[PDB]
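Read the structure below first, then the notes.
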Amino acid sequence: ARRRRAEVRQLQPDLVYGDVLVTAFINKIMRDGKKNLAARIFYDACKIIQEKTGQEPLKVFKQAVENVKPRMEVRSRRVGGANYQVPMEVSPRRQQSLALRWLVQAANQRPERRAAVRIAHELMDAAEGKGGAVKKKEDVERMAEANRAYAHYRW
Amino acid sequence: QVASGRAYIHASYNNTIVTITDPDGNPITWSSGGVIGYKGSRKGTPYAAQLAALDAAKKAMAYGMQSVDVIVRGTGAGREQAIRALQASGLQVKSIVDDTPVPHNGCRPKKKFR
Amino acid sequence: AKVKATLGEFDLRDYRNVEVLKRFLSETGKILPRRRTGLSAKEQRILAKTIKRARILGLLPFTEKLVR
RNA sequence: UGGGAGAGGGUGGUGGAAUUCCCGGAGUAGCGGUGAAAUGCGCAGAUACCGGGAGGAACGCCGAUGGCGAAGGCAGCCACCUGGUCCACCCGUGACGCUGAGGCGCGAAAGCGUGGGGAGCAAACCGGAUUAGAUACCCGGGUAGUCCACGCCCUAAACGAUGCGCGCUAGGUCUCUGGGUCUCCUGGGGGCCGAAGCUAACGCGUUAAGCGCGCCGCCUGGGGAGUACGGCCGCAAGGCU
Ligand SMILES: [Mg+2]
Ligand SMILES: [Mg+2]
Ligand SMILES: [Mg+2]
Ligand SMILES: [Mg+2]
Ligand SMILES: [Mg+2]
Ligand SMILES: [Mg+2]
Ligand SMILES: [Mg+2]
Ligand SMILES: [Mg+2]
Ligand SMILES: [Mg+2]
Ligand SMILES: [Mg+2]
Ligand SMILES: [Mg+2]
Ligand SMILES: [Mg+2]
Ligand SMILES: [Mg+2]
Ligand SMILES: [Mg+2]
Ligand SMILES: [Mg+2]
Ligand SMILES: [Mg+2]
Ligand SMILES: [Mg+2]
Ligand SMILES: [Mg+2]
Ligand SMILES: [Mg+2]
Ligand SMILES: [Mg+2]
Ligand SMILES: [Mg+2]
Ligand SMILES: [Mg+2]
Ligand SMILES: [Mg+2]
Ligand SMILES: [Mg+2]
Ligand SMILES: [Mg+2]
Ligand SMILES: [Mg+2]
Ligand SMILES: [Mg+2]
Ligand SMILES: [Mg+2]
Ligand SMILES: [Mg+2]
Ligand SMILES: [Mg+2]
Ligand SMILES: [Mg+2]
Ligand SMILES: [Mg+2]
Ligand SMILES: [Mg+2]
Ligand SMILES: [Mg+2]
Ligand SMILES: [Mg+2]
Ligand SMILES: [Mg+2]
Ligand SMILES: [Mg+2]
Ligand SMILES: [Mg+2]
Ligand SMILES: [Mg+2]
Ligand SMILES: [Mg+2]
Ligand SMILES: [Mg+2]
């Protein structure tokens, strides 16, 4: 907005692992405000991921996000008769916002049939380093570096 | 093969050239914007000079170059950043000098400089 | 850091006083104005012509490279 | 009489930086150009570098709210020829003065003629782009012309849109150049704000657009039109009235 710096909504940490991060993800899961539904497919996916990976999946998705955290994206700046994909040091709040938006985005991409299935499977790969979830980031951070000629136009 | 030499930075609105010469002045290698793969105003960018200046230095030392005196001419936005990577390249950058040419009110320029 | 103070008596017309005259030419060989030389109007003018003549004899430069 | 400053004007010499091309060395895949691109130039070796040579034009910093000039206008350095102008001393002539229809001379740029010159730039012109179109604005080339000599041409936002000379009418701050006694005082120019006063207002105000005297030019609604006719000038384009 035009006034001052907007505020950051601090969420109510989840009721299972005691984390606000978890509380954040279910939201993206949560469609039509169906928290119970969303809260399920998550802790459900948290089950399949456990069975196929016997390490506390809390850490799993604690990892698979940093792997998703993009460090540099591009943003279009149209100085004069042209718009420049001026890349900028992505912001923290946004990075979580960015990582929190393709896993599901890439999970919903996934072909397997059940919700908790997909959501989980995207959780693992990023913990390893595989999947379109890492794709966006990967593609994003290098187009920027593929445009490192505009950093002086930064902001 | 030569260890000490020179480096000239022709810095212009539309581009930036980096040519490296022997102590006598005989060029030994050169490079500029497009050589790294840019076409157009994107050439008129510092980061171009970087790769440009860099790619020229990299190729230079491959012939044994390790020291070069610097020479800059022009008023280009890609000028200084070129002087940068050269120092942050791998050469001793023994000196810097601006021999940018300027008349004393001689020939008339084009219409767009009046 | 005005210069006129840096010196005392001295001929504005000694068009051969290189060591002195060359004192008013910035390290880029250019002539230096008055907010930098402390010279006055009539003074200032009487200089250059002095410098110039030498700059023609081969004493002072018309310009100089720059070092950083 | 004695001085002073100054791109005042004219002739002849002359000094360095840069652009363009030629020659030589080295060197490689692009240079150039734009808001972005393209024409264009480049493996027949360009761009950026070094070295040498030829030619033309304009004189960077100094330089500036500066200076000189009646005006247009004048800017590297040198010398010669020459003009106007200012200050002081208050030496000489003793009203010899101001203005000035006519006349005459000067007159930036473009343009004309003749003979040179021709690097950069650059009307017309060709090309490439933007556009619905683009006979244009931007880009790549490019002819006259811009430069010199001698002739014309005589117009303009030739402006301070303010004719010239003189006398009278608070000052303040800045700057150029003089004289003094050197704090400062006085002459002459260049700007600024402002006394009173003027002015339709904006504004001017010891550089008047203020109070006055003299003389010249000039205006009398707009357009038609600075056109037609005649006359003069001119090689012509066109000028004057
Ligand atoms: Mg370019
Ligand atoms: Mg030509
Ligand atoms: Mg050659
Ligand atoms: Mg050369
Ligand atoms: Mg100037
Ligand atoms: Mg003036
Ligand atoms: Mg007497
Ligand atoms: Mg008598
Ligand atoms: Mg008269
Ligand atoms: Mg004339
Ligand atoms: Mg002319
Ligand atoms: Mg003719
Ligand atoms: Mg003829
Ligand atoms: Mg001719
Ligand atoms: Mg020609
Ligand atoms: Mg043109
Ligand atoms: Mg048509
Ligand atoms: Mg067309
Ligand atoms: Mg055309
Ligand atoms: Mg041209
Ligand atoms: Mg002709
Ligand atoms: Mg003609
Ligand atoms: Mg002509
Ligand atoms: Mg002619
Ligand atoms: Mg007349
Ligand atoms: Mg004027
Ligand atoms: Mg006047
Ligand atoms: Mg008039
Ligand atoms: Mg009157
Ligand atoms: Mg004095
Ligand atoms: Mg005065
Ligand atoms: Mg006033
Ligand atoms: Mg009043
Ligand atoms: Mg009246
Ligand atoms: Mg006056
Ligand atoms: Mg008159
Ligand atoms: Mg009528
Ligand atoms: Mg009428
Ligand atoms: Mg007329
Ligand atoms: Mg007639
Ligand atoms: Mg007529």
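Residue numbers (the UniProt record's numbering), protein chains in the order written: chain A, 2 to 156; chain B, 13 to 126; chain C, 20 to 87. Yeah, the Cβ is synthetic: ideal placement off N, Cα and C, and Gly gets one too.
Span of the alpha helix (DSSP H), counted from its first residue to its last, around residue i
i: residue 122(A); result: 116-129
i: residue 33(A); result: Careful: residue 33(A) lies outside any alpha helix (DSSP H) and carries neither H nor E.
i: residue 144(A); result: 133-146
i: residue 98(A); result: 93-100
i: residue 58(B); result: 58-73
i: residue 85(B); result: From DSSP, residue 85(B) is part of no alpha helix (DSSP H) but of the beta strand (DSSP E) over 79-86.
i: residue 58(A); result: 58-67
i: residue 95(B); result: 91-99
Under 8 Å between C-beta atoms of residue i and residue j
i: residue 33(A); j: residue 24(A); result: no
i: residue 98(B); j: residue 65(B); result: yes
i: residue 86(C); j: residue 107(B); result: yes
i: residue 46(A); j: residue 145(A); result: no
i: residue 23(B); j: residue 91(B); result: yes
i: residue 133(A); j: residue 110(A); result: yes
i: residue 30(A); j: residue 124(A); result: no
i: residue 38(A); j: residue 69(A); result: no
i: residue 80(B); j: residue 103(B); result: yes
i: residue 21(C); j: residue 47(C); result: no
i: residue 99(A); j: residue 71(A); result: yes
i: residue 109(B); j: residue 19(B); result: no
i: residue 85(A); j: residue 154(A); result: yes
i: residue 90(A); j: residue 73(A); result: yes
i: residue 164(A); j: residue 93(A); result: Limits of chain A in this structure are 2 at one end and 156 at the other, which puts residue 164(A) out of reach.
i: residue 79(C); j: residue 40(C); result: yes
Any non-hydrogen atom of ligand 1 within 7 Å of residue i CB
i: residue 55(B); result: yes
Residue i: first and last residue of the uninterrupted beta strand (DSSP E) it sits in
i: residue 65(C); result: Taken as a continuous stretch (DSSP letters only), residue 65(C) belongs to no beta strand (DSSP E), being part of the alpha helix (DSSP H) at 60-76.
i: residue 84(A); result: Premise fails: residue 84(A) is in no beta strand (DSSP E) and is neither H nor E.
i: residue 27(B); result: 27-33
i: residue 39(C); result: That residue, residue 39(C), is in no beta strand (DSSP E); its alpha helix (DSSP H) goes 37-40.
i: residue 108(A); result: Counting along the chain, residue 108(A) falls outside any beta strand (DSSP E), though it belongs to the alpha helix (DSSP H) covering 104-110.
The region 117-125 of chain B touching the region 49-65 of chain B, judged by at least three CB pairs closer than 8 Å = no
query = Does the region 26-44 of chain A come close enough to the region 113-128 of chain A to have 3 or more Cβ pairs within less than 8 Å?
reply = yes
query = Using 8 Å as the threshold, is the region 136-152 of chain A in touch with the region 30-42 of chain B, meaning 3 or more CB pairs across them?
reply = Not touching, per the Cβ criterion.
query = Are the region 65-77 of chain B and the region 39-48 of chain B in contact at 8 Å, needing three or more beta carbon pairs?
reply = yes
key: Inter-stretch contact at 8 Å, needing at least 3 Cβ pairs: the region 62-72 of chain C / the region 31-43 of chain C   = yes
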